[PDB]
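In structure tokens, the next block holds one chain alone, the form deposited in one PDB entry.
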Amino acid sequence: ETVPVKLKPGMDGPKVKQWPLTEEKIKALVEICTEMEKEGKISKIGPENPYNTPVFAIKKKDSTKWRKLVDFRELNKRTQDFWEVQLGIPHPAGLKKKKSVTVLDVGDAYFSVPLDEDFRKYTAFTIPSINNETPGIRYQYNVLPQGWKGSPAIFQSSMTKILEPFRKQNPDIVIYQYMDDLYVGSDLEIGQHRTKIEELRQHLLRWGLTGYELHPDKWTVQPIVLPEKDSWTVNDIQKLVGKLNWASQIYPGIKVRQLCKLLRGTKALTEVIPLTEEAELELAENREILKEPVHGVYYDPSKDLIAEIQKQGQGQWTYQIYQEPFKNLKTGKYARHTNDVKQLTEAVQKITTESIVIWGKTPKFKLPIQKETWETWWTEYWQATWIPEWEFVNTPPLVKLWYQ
């Protein structure tokens, strides 16, 4: 028996265009889909289905096996009411508190659940061909599809049964499902944690479902960092008031008046200066001020999260997550044969996964790259079974330094 899905009033299905794929990814998808069809998961469709969702092939995480990845970003936006405020899945505040969090793929669960017949058409996707030689191969889902937020929403009750014995027996373990994954957190010693995971994989396995470790409770600050120096220049002070000046307005209670006064008249940049010690009280007040949270900044569940990334150089990247500019809920860095696209893809994924753990939602990324570049390349390094929303930007000169 299927549960009925209704697109949000007024919206129609997704008519997203299929990006071009290389011969190898196409062949890989043709095999994969040829098998799913035999197993009855999907069925070829007709011209009478105007809908479309992009599809890709990824090589997963440290794997040699091609995995199919469907991009339901658009379908998810249009079904948002069903999976979020109708069949919602509560996010556990305790998760980020755990010493160890293991992420498990649970996506094969959905294949044993049929999709409401009236909703299938919206899951249309196409396997393109090369040089438009032939028409693409068109298919639609017959079962709960991986990548669609309505799948866990629906599968919720069955996951609940599957996990009840493991839950009853280990009351201090937190299990959270976000999309195709299970997040399992514990405060157990690492050998006992890994042991409990194995135990959980056995339960999963009796129901058909066949990991990698985070340490949330060790996730810390990337405080705006002011320099510690001997013999300052106008240049360094200027830079200092600059950084200092921006850090304020974002940081509640910063001061610089002491600092400005040293910068008086028009003196060469390369001119050293003696520091007045009260300026030093600010240095230490702000410094001590900076090494703290923000105060006043709280996550609002009703608002979208945003993530900005800056390329620092040397395989180093910075980021901030916020709902209102300068009101950073979190900040961090990601560090690396990796080109920028690869490294950027890796940061995007790391930030996204922390974001799922802390808030149960993915951020909308502002990526310092060219759409086309990003578009042709990301799939080469993507390993996650989800895809966050993104948009392209041009990092502001200042922003980057202020975050180094």
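Note that residue numbering begins at 1 and tracks the sequence as displayed.
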Tell whether, across the other compared PDB entries, at least a third have no coordinates for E39. no
Go through the other compared entries with residues on either side of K61 and state whether a third or more give it no coordinates. yes
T210-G211 interval: deposited residues absent from the model: 10 or more
What lies unmodelled of the deposited sequence between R336 and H337 amounts to 4 to 9
Stretch with the greater mean C-alpha B-factor as recorded in the entry, comparing 252 to 260 against 293 to 301: 252 to 260
Residue stretch of maximal mean CA temperature factor, 372 to 380 vs 55 to 63: 55 to 63
Can you tell me which of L281, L144, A307, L200 has the highest Cα temperature factor in the record? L281
Considering only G94, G191, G315, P223, which residue's Cα atom bears the greatest B-factor as recorded? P223
Sorting the chain's modelled residues by C-alpha B-factor and splitting them into thirds places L75 in the lowest
What third of the chain, by the recorded C-alpha B-factor, contains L182? lowest
Check where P274 lands among this chain's C-alpha B-factors and tell me if it's the lowest, middle or highest third. highest
Divide the modelled residues of the chain into thirds by Cα B-factor and specify which third, lowest, middle or highest, holds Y319. lowest
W246: which third of its chain by C-alpha temperature factor? highest
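Omitted here: the form deposited in another entry. The next part is about that form.
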Comparing the two rigid parts that turn against each other between this form and the one not shown, the one of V221, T126, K350, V241 sitting at the hinge is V221
